[PDB]
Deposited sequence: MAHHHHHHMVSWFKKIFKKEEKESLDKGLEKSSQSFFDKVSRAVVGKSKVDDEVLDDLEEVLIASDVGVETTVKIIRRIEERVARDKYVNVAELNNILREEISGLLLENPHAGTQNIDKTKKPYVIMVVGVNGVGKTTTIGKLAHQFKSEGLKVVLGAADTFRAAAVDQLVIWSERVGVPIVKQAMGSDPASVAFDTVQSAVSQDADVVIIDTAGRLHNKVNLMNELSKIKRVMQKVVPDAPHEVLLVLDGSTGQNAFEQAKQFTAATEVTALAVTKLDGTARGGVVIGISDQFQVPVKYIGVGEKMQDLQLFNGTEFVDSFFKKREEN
């Protein structure tokens, strides 16, 4: 039974999710409306055109096939279905589909500190997501320590320092080009000495050489295990949802190079390719855990596929 990471939405939080998905929702409704103009009943041609719309909405081939198969079956049972019901049918069938992945949601604690290694390619929103996470945890009364283990560019450390100041959490850092594993070691040591609750490690994720990537991330993990044997407790892969299915393929490439435990999909706000979240949640054997809906430290949400699909497809 799928247990979502976020079970309760405040009014403002559901509004933030609706707003984050607004452009994707409007784009999808535009495409379906145009596809069924002059049609009355859902037939094989309508479902063919709906498959084309779902693909054009970055839902992905394998997920779209499953969705159309479920709708085909439902249409065959009900015989006469009006095309105006498609948004409602999609909401119901896709919500049901996401609940079928046993790897979605939480699986339901280890000794502090809880160590998070944030991974992904440059530009997807890793460091921003780390700032948002630090805010999430500090708002709960937890003590957060950041580790600046993205040391390839000098700007990288500067950017995490900037976020450490926006939220008001300590940071462990060395120089540009310092050994990332050594920074991670120092970060976890400091967190243990300071009795901190959460450690978040920033990393480079230069995917062009998967051997070097694999070796760097494995060294970071192995060295942290000298201090905390079951660290990292979470390996969070950050993906740019504004790139649609490009993020799905990137996640496939990245998760084949290193062990990931959860996904974050950023930049859903103000872009129209958010349907990729549906395909990722359906196909991946690790959960979507966070979605990003803006530039500010509050613009992070724990994932709930049922609410995501509701916001994506409901009438506005």
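Missing from the model, relative to the deposited sequence, are the stretches 1-8, 117-118, 327-329.
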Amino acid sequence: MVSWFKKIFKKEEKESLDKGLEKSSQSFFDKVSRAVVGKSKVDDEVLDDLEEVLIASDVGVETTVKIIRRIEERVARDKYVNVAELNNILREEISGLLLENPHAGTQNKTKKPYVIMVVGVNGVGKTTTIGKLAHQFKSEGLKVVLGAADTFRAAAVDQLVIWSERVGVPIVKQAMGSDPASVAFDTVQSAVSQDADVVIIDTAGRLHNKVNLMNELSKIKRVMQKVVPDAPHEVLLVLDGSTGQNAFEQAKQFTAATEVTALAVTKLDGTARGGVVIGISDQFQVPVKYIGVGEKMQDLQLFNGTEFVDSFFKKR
From here on, numbers count along this sequence of modelled residues.
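In this entry, the higher average B-factor at the C-alpha atoms falls on 255-263, of the pair 46-54 and 255-263. The PDB entry records a higher mean C-alpha B factor for 24-32 than for its counterpart among 24-32 and 276-284.
Within the listed group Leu90, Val172, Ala155, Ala204, the record reports its top CA B-factor for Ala155. Of the candidates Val119, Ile200, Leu160, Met176, the deposited coordinates give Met176 the top C-alpha B factor. Among the modelled residues of its chain, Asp195 has a C-alpha B-factor that falls in the highest third according to the deposited record. Split the chain's modelled residues into thirds by C-alpha temperature factor. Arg69 is in the highest one. The PDB entry assigns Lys143 a C-alpha temperature factor belonging to the middle third of its chain's modelled residues.
Among all modelled residues in its chain, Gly105 ranks in the highest third by Cα B-factor. Placement of the Cα temperature factor of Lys132 within the chain: middle third of the modelled residues, per the deposited record.
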